[PDB]
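**Student:** The following block contains the structure, expressed as structure tokens.
Every residue, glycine among them, receives a Cβ derived from its backbone with ideal geometry; neighbour counts consider all protein chains shown. The numbers here are math on the coordinates, done by the rules we state, and not lab data.
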Amino acid sequence: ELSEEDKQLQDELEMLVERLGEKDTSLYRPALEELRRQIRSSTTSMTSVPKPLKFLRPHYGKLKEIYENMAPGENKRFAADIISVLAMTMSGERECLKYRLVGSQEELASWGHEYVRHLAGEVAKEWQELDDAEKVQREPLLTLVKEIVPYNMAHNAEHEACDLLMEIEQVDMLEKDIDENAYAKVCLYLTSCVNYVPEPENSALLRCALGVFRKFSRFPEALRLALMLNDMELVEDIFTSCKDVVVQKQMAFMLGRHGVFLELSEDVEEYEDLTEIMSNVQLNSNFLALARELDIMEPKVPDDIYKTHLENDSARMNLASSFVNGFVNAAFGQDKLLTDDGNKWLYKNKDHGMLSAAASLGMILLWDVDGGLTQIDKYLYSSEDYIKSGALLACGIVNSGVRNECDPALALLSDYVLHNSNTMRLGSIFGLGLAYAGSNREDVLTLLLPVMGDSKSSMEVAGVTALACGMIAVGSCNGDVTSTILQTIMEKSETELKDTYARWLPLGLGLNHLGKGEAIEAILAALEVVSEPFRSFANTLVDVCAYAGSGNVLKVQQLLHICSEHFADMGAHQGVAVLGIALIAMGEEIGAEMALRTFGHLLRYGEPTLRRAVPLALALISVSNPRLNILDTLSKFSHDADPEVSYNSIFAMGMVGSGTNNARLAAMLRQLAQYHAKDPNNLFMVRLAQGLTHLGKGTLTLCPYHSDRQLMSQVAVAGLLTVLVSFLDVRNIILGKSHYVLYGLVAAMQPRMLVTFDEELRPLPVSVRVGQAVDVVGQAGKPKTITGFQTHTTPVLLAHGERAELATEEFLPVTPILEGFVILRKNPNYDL
Amino acid sequence: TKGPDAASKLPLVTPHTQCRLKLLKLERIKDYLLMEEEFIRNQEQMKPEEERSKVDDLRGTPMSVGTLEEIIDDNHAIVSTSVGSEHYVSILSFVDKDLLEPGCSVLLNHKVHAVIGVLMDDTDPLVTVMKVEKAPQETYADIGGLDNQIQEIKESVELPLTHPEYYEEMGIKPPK
Amino acid sequence: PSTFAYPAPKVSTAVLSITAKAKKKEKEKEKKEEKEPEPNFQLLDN
């Protein structure tokens, strides 16, 4: 029951509700004033159950009707406030919202935080239920979001504040209400919510959250988002708006790390430095610089990696020998086998063996158009000039991941892209694609145009050719290149398609359409002309390339259906389908970790063609990421009976452990070698897996994600896709004549380091507490984003999923996210 | 070595403030889960014999489980019935004369006791419930303090599985 | 009223996250895209 206070309050409210029975003059103004006080007093209190609302369980029918008759002026409105507040406790939303809509205005703050939020929900609920059929109701609701949103901004309720605007579909106002003490909370939230949000709201959020970064002059943060939307114009403005050269310098280093090039006008000061920084010429000096501090300049040899001592010269295994002396010593600037006696080494490889070995010569020395190009002066012109493709890939590979003002790739390669010999051309187009991947340069794209139409070119020349064009125009949907690809793809004949290398033609179509699912509706329309199977296959694969990293559950559901189907011309469509889920889902950690379960189900409940793709699919999900659960999953299928699954699982292990130097993966890899010693095909690739797991002695990562895993690297996602899909048929492609395709990864090959330099670029060894990154979203205050701290004296290495923070407040980094090369600005606030 | 049958933990949704970031992340987990159910169910439905069917006819139903004790000949072994008796049953062809090991739990024909199948994974129900399937939900960030105690318990049960190189590169055997 | 005698001759999963939003947006895209003389007088032989 109640007490003297409670029972009396029940009567006092009871008298007030009852007295409104008649139309007495001193019953409407007097009573409604009392309800206004008591209801306001309790509701604007601690979370105490609003005694007025608990006692007041009356019906508004009498007052709602007389509301109209009883003084439609102020006396009418007053009743609305009392009934409206009583509505929030009950379930009368439509009426509960529309009372504050029509009733007395006053102000939202006067009622109570609990009331304000409830109106927030209903306002969002009504706005969503209100379509474009009429804005007449929108102006009032829009007016409400004008006042309430400022209410949340102050009250630590930015989450509801951002949540409130997102519900309305319109989030402009945050620009005008965010305080210097709030942009971090709001800007972080949108970046975290943007990935999950579907099209097109997700795109709108990125720009808006990007905009908020603008209003408070946090320029480097605007950079990360600008690329996330993958729109160059907003990048160019920030490039232009950055009146501070230092911020200009840094935002170029993030522009470069993404592989994004914007033609810099000479009006911009330090154009060469910005051009050289953007061209990534300074990368080589650091990489060698990084090595000297780390003491890893000495090159390695295959025998030590394999550890032949512990285990209880065919041309193939020589290739695996040749490859491991690639990746493992790649980018170190010196190899002990491919630089001194190479003519001797290659001569024990028959044709395609020569191709692979020669190409590794360029990958052994990346990012040196001079040193590598000078380490490119003893083979290519071989008595078996067939290996010319080998150095041509090395020629193209060296230019991959960098841009030189002298355009070496086109010069050397062009004279041989028309070379009649089929093998000579394979290196030309492929190597060229690596060098200018994502460049989208019209010249090289144009020069690659005749390659498509050159009928004399063999299909293997063609398949690489379309792939080469795709890798250049990755993520730009280049109308000319797409047209060339789109025009070229249609002209293909049915009989010539049935070959495996025709599997590469659609790949080039997508690689042009990576990251833009809006424009791929048309591209899938044009492809419908060609007849199946490759019509359906290209449709799926083109479909996947459209949604690279979108996080679109819809496409994944669409993609999962294709894999789910149980049918040979249908299995190519399936295999690209499973790899489809891997690419689409690999943006967010929440979804990506879930795709593992789906991948696992596709293996126990899968079929021949699917079971081969799953081992590859896991490869893209966790590239350079030795998650134990995934690495274990590849192993338990690393011995499988089907040769294709055994190979793909072994390759996946190599990718997952790429550059991680994971001891367990190595020990796991070594044991497999002993198990599969008999079969050269397994032993070759298990040996290869050990090769990928030591990429750059671990000083590189093929992960396509930078910027706290947020900023996607378009050119990268092109590479992994080529090898992975090309691995969809390993025996014809991998085990066949196309050992060179493994060089497709070189596009995404990037360094992972923590070298800290002083403001003058001298290495400034700063205590950097580096550990597993922990999200700061939704954590009030200054949450620690690093856990499992292990103070390292920079330079340092960050295994994937790690973040480094400057443990000394002596400096204030220009860019908030400490990845790659960061300009540490000495803190003016710090006092010794 | 069946491999680690690790627990099955759904990813974690944080923020916890009950904000829309929370709803979206739970939805994403649900979306894939709804998708994952779709594949399991749509794999049995979309999914629409003369060698095994002959085998199952020789075995019949049911099939006893006693303990092998001696492989007398290649085609004869002595199997102890589930009561502690003995039997000089015959080893049929379909059985693998490799997995047949003294002490193994053998599947026996019911009418004419004859080794018909080797029942690996016969671990007691009393120890097969001892295995944790659904991983508990308290992450190292739910335990406050105990940084000196946690590290001591993370250098014997977690690190020795992730970075084995450190220990074997130094001569220790990971504390166990 | 008529003639007689001689007779005769998966599931869409909810995915409620964005299923409806895509479908409601898809419909909008759809809008953008946009015997009295019978037998019983049977002429039958004997």
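**Student:** Per residue of the stretch A:492-497, what does 6.51 cos²θ - 1.76 cosθ + 1.60 with θ = phi - 60° give for ³J(HN,Hα)? Whole Hz please, x for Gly and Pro, Karplus curve as stated.
**Tutor:** In residue order, the calculated couplings are 4, 8, 6, 5, 5, 5 Hz.
**Student:** Measuring from centroid to centroid over Cα atoms, what is the spacing of the stretch A:35-82 and the stretch A:312-370 in Å?
**Tutor:** Measuring centre to centre over Cα atoms gives 84 Å.
**Student:** On a straight-distance basis, which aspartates and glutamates could pair with A:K344 in a cross-link, Cα separation under 12 angstrom, same-chain partners fewer than 8 positions away excluded?
**Tutor:** none
**Student:** Follow-up. Starting from the Cα of A:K678, step 7 Å along the direction of its Cβ; do the same at A:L288; then give the gap between the two resulting points in nm.
**Tutor:** 5.0
**Student:** Another one. Can you work out ³J(HN,Hα) from phi for every residue in the stretch A:216-221, in order, using Karplus 6.51 cos²θ - 1.76 cosθ + 1.60 and θ = phi - 60°, giving whole Hz and x for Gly and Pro?
**Tutor:** 10, 6, 9, 5, x, 4
**Student:** Roughly what would the spin-label model give for B:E44 and A:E147, points 7 Å off Cα along C-beta, in nm?
**Tutor:** The modelled label-to-label distance comes out at 5.7 nm.
**Student:** Length gain on complete extension for the stretch B:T162 to B:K54, per 0.36 nm per residue less the alpha carbon to alpha carbon distance? Please list the in-between numbers first.
**Tutor:** On the way: separation 108, 0.36 × 108 = 38.88 nm, distance 4.78 nm.
Result: 34.1 nm gained on full extension.
**Student:** Okay, next question. Where does the charge balance sit around A:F727 when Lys and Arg score +1, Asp and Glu -1, over other residues with C-beta under 11 Å from its C-beta?
**Tutor:** +1
**Student:** Check cross-link reach from A:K243 to the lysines: straight Cα distance under 17 Å, and skip same-chain residues fewer than eight apart.
**Tutor:** Answer for A:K243, where 17 Å is the Cα cut-off: A:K215, listed by chain and number.
**Student:** Only helical DSSP H runs with n ≥ 4 go in: add -39500 (n - 2.57) per run for the protein assembly as shown, normalise by residue count and round the 222 nm mean residue ellipticity to 500 deg cm²/dmol.
**Tutor:** On the way: 47 runs with 541 residues, N = 1054.
Helix contribution divided over all residues of the protein assembly as shown: -15500 deg cm²/dmol.
**Student:** Next up: Distance cut-off 18 Å, Cα to Cα: go down the list A:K336/A:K378; A:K300/A:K678; B:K25/C:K29; B:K9/B:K47 and report the pairs above it. Present the calculation step by step, with values, prior to reporting the outcome.
**Tutor:** Numbers: A:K336/A:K378 15 Å; A:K300/A:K678 26 Å; B:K25/C:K29 28 Å; B:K9/B:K47 29 Å.
Checking Cα-Cα distances, A:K300/A:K678; B:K25/C:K29; B:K9/B:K47 exceed 18 Å.
**Student:** Let me ask you something else. Can you list which of the trypsin sites (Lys or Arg not before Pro) found in the stretch A:73-108 are DSSP loop residues with at most 15 other C-beta atoms within 10 Å? Intermediate results must be reported in sequence, preceding the final value.
**Tutor:** Working: sites: A:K76, A:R77, A:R94, A:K98, A:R100; in loops: none.
In loop regions of the stretch A:73-108 (DSSP not H, G, I, E or B), there are no sparsely surrounded trypsin sites (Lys or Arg not before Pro).
**Student:** Return the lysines within reach of B:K173: Cα separation strictly under 24 angstrom, same-chain partners fewer than 8 residues apart disregarded; answer none if there are no such residues.
**Tutor:** Candidates past the 8-residue exclusion: A:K307, B:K2, B:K154.
**Student:** Provide A:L628, A:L206 in ascending order of the number of other Cβ atoms located within 10 Å of each residue's Cβ, fewest first. Numbers along the way, then the final one.
**Tutor:** Working: A:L628 14, A:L206 23.
Exposure proxy ranking, most exposed first: A:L628, A:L206.
**Student:** How many angstrom lie between the C-alpha centres of the stretch B:136-164 and the stretch A:450-476?
**Tutor:** 52
**Student:** Once you've got the Cα coordinates, tell me which of A:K516/C:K24; A:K350/A:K636; A:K135/B:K30 are over 28 Å apart. Please report the intermediate quantities before stating the final value.
**Tutor:** Values: A:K516/C:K24 21 Å; A:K350/A:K636 34 Å; A:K135/B:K30 35 Å.
From the list (A:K516/C:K24; A:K350/A:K636; A:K135/B:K30), the Cα-Cα distance tops 28 Å for A:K350/A:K636; A:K135/B:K30.
**Student:** Got the relative contact order for the stretch A:2-140 handy, in percent, Cα pairs under 8 Å and 6 or more residues apart?
**Tutor:** Details: 116 pairs, mean separation 27.5, N = 139.
Once normalised by length, the contact order is 20 percent.
**Student:** Sticking with this structure for a sec: Do any GluC sites (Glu not before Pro) in the stretch A:82-139 lie in a DSSP loop with no more than 16 other beta carbon atoms within 10 Å, and if so, which? Could the numbers behind the result be given before it?
**Tutor:** Working: sites: A:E93, A:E95, A:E106, A:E107, A:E114, A:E122, A:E126, A:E129, A:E134; in loops: A:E106, A:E107, A:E134.
In loop regions of the stretch A:82-139 (DSSP not H, G, I, E or B), the sparsely surrounded GluC sites (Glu not before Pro) are A:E106, A:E107, A:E134.
**Student:** So how do A:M653, A:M232 line up by other beta-carbon neighbours within 10 Å, fewest first?
**Tutor:** In order of increasing Cβ crowding within 10 Å: A:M232, A:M653.
**Student:** Restricting to bridges with both residues inside the protein assembly as shown, how much of the DSSP beta-bridge set is antiparallel, in percent to the nearest 5?
**Tutor:** On the way: 30 of 32 bridges.
About 95 percent, rounded to the nearest 5.
**Student:** Can you report the principal axis dimensions of the protein assembly as shown using only the alpha carbons, biggest first, rounded to whole angstrom?
**Tutor:** Ordered largest first, the protein assembly as shown gives principal extents of 112, 95, 92 Å.
**Student:** Now for a different question. Could you check the spin-label model distance between A:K125 and C:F4? Points 7 Å from the Cα along Cα→Cβ, value in nm.
**Tutor:** 5.7
**Student:** Now, a different point. Please report the net charge: other residues with Cβ closer than 13 Å to the Cβ of B:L58, K and R +1, D and E -1.
**Tutor:** Details: positive: B:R52, B:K54, B:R59, B:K111; negative: B:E51, B:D56, B:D57.
Cβ neighbours under 13 Å give a net charge of +1.
**Student:** Residues with amide H under 5 Å of A:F811's amide H, sequence separation 5 or more or different chain, H placed in the peptide plane at 1.01 Å from N; which?
**Tutor:** A:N827
**Student:** Can you work out the FRET efficiency for the pair A:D454 and B:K111, with r the C-beta to C-beta distance and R0 = 45 Å, to the nearest 0.05?
**Tutor:** Working: r = 75 Å, r/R0 = 1.67.
The computed FRET efficiency comes out at 0.05.
**Student:** Right, next: Going by how many other Cβ atoms sit within 10 Å of their own, how do A:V777, C:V11 line up, fewest first? Can you show the working numbers first?
**Tutor:** Details: A:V777 18, C:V11 8.
Lowest count first: C:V11, A:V777.
**Student:** Please identify every one of the GluC sites (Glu not before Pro) in the stretch A:466-528 that sits in a loop by DSSP and has no more than 13 other beta carbons within 10 Å of its own beta carbon. Could the numbers behind the result be given before it?
**Tutor:** On the way: sites: A:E491, A:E494, A:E496, A:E518, A:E521, A:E528; in loops: A:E518, A:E528.
Passing sites in the stretch A:466-528 are A:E518, A:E528.
**Student:** For A:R803, what residues show an amide H to amide H distance below 5 Å, using hydrogens built from the backbone and excluding near sequence neighbours?
**Tutor:** A:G771, A:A773
**Student:** Quick check: the distance between the Cα centres of the stretch A:101-150 and the stretch A:745-824, to the nearest angstrom?
**Tutor:** 44
**Student:** Right, here's the next one. Between B:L159, B:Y140, B:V13, whose Cα lies farthest towards the positive end of the dipole of chain B when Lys and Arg beta carbons carry +1 and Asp and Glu beta carbons carry -1, centred on the Cα centre?
**Tutor:** In chain B, that residue is B:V13.
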